[PDB]
Every structure is written in structure tokens, then in C-alpha cells.
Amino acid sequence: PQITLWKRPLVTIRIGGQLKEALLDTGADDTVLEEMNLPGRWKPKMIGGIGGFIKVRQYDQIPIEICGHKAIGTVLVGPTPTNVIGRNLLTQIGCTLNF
């Protein structure tokens, strides 16, 4: 689909049989979701943004459905202000910026 930007680009995602809302974020290198439970082993990691750095849990090869399109990649979980879908998954679904 084609998404305009007069409103935040939010979409529904399906992760672990759970529905959630996320922001399509081209300025984010990675994908971060609010604190939640995910199966599998996770490794501690730190990511920085405006404001500073935070500690997150890193899950690898996680299947995630974004607005109908399937993806499988790294998902970070931690105290983020909102669920963000980064470039690592945006590229998996063939997402581009146009103008």
C-alpha cells in the first residue's frame, strides 16, 4: 500500500500470536518493541537515540507479520516509548520512500 505522512505511519503487527500496533520508522536502524514476553534466548544489548542509550533484550530470527507481509529477523525488546519497525524489517517487506 501507499502511506501518506499527515499522520503517524502506524500499522498492525502480529508477533507470537499477539496483535500490536507499530510505527514504520525509517530513521531507526533496528526494531524495538515495548517490554513483552518472547520465546527463545535473548542477549543483552544497548541502543542509542535522541535522549540517550537504553538497555534492551535481543531476540534473533523472530517471525513477525507486518500489515500482512511476513518477515523474520532481529527484534529488540525494552523500555521504548513506542513500538518501532526499523530498517532491518522494512527492507524485508520491500519498503521504500517515494516523492
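So that there is no doubt, residue numbering starts at 1 and follows the sequence shown.
Averaged over their C-alpha atoms, the temperature factors of 56 to 64 and 69 to 77 are higher for 56 to 64. The PDB entry records a higher mean C-alpha B factor for 43 to 51 than for its counterpart among 43 to 51 and 24 to 32. Ranking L19, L89, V84, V11 by Cα temperature factor from the entry places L19 first. When the CA B factors of the chain's modelled residues are split into thirds, the value for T4 lands in the middle one.
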